[PDB]
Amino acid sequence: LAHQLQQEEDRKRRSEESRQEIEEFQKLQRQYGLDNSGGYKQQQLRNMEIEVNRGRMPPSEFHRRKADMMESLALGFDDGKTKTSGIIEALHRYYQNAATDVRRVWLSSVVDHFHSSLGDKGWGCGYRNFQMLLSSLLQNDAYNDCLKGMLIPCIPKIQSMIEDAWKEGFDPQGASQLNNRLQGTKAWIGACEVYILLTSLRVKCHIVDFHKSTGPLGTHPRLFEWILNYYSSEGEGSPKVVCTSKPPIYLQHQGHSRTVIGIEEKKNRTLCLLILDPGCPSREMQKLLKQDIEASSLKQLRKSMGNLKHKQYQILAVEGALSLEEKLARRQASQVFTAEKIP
């Protein structure tokens, strides 16, 4: 009797615990894109079917878009429908010609913005950031040999390319964290995946891990100072606006990533990062294209230390090209995967 009383309560507790665990696991696997419920192709189609069902899109047009999607996916090429070009050149014009609170501003080289489409909304950030970074490398002659013949890949192709890096032997522990597969999924990725992808293409790059806050009020001054150092040059005759040859910086925090395309040193000596978000729709990006930039729009691009209070950031920065021997050295190093840590 006594034993039965204990056994029954335990059973009931266990069952409730199990139900809770199962429900949570499901929610998390789904959020992280690891529940094996399908990929980009599926989401695009499902979301376009909503657009038909809601009466917002003709059924014929669904067939045309689907056709075009399938061609792009077969080729492995992004279709460009979420791309906005000319932001660097527009910022250069603005900073040169407009009365600002800026002493000096450093910009990365030409960079195309990519936002998520219907296919990757909610999960494509890391991939879209990779596309922005790559757009800059593809216009930079330093990377012509390593990246020869490449166009911006579509998200499914990026997933394939990561898998290829895993197959070569990069970062097996990272592969195992994502079930060794990315195609046909909505998997969140991080700087570690972007790293092995670029390394596998013979691009020299590295991660820096800002693993805890370094300033008052949970700020990350070290991060701002690292980016200033990356963008800036020692001195001499540097102009107020410097459009550098440097690629932009991939910026990860838990849950989301963005692309840093420059940094402003205000007249009061504080620093402000210029950040593109792959969540920003084309109509918002277009505002930066008009000759006089709204105050809200500029404010949206500008991030001060108060705006970066996540516990941990990682950056990935690109530094040049690798020899095959240097790539193989990095492939072996990636077996015990580490990054520079600050502090």
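Start at 1 and count along the sequence shown; that's the residue number.
Taking the mean C-alpha B-factor of each stretch as recorded, 157 to 165 and 262 to 270 are not equal, and the higher mean is that of 262 to 270. Averaged over CA atoms, B-factors in the entry run higher in 96 to 104 than in the other of 110 to 118 and 96 to 104. Taking only the listed residues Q314, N36, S304, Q31, the entry reports the highest CA temperature factor at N36. Among the modelled residues of its chain, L133 has a C-alpha B-factor that falls in the lowest third according to the deposited record. Annotation for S238: C-alpha temperature factor in the highest third relative to the rest of the modelled chain, per the entry. Among all modelled residues in this chain, the alpha-carbon of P172 has a temperature factor (C-alpha) in the middle third.
Per the PDB record, residue ranking by Cα B-factor puts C205 in the highest third of the chain.
In the PDB entry, a CA B factor belonging to the highest third of its chain's modelled residues is recorded for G149.
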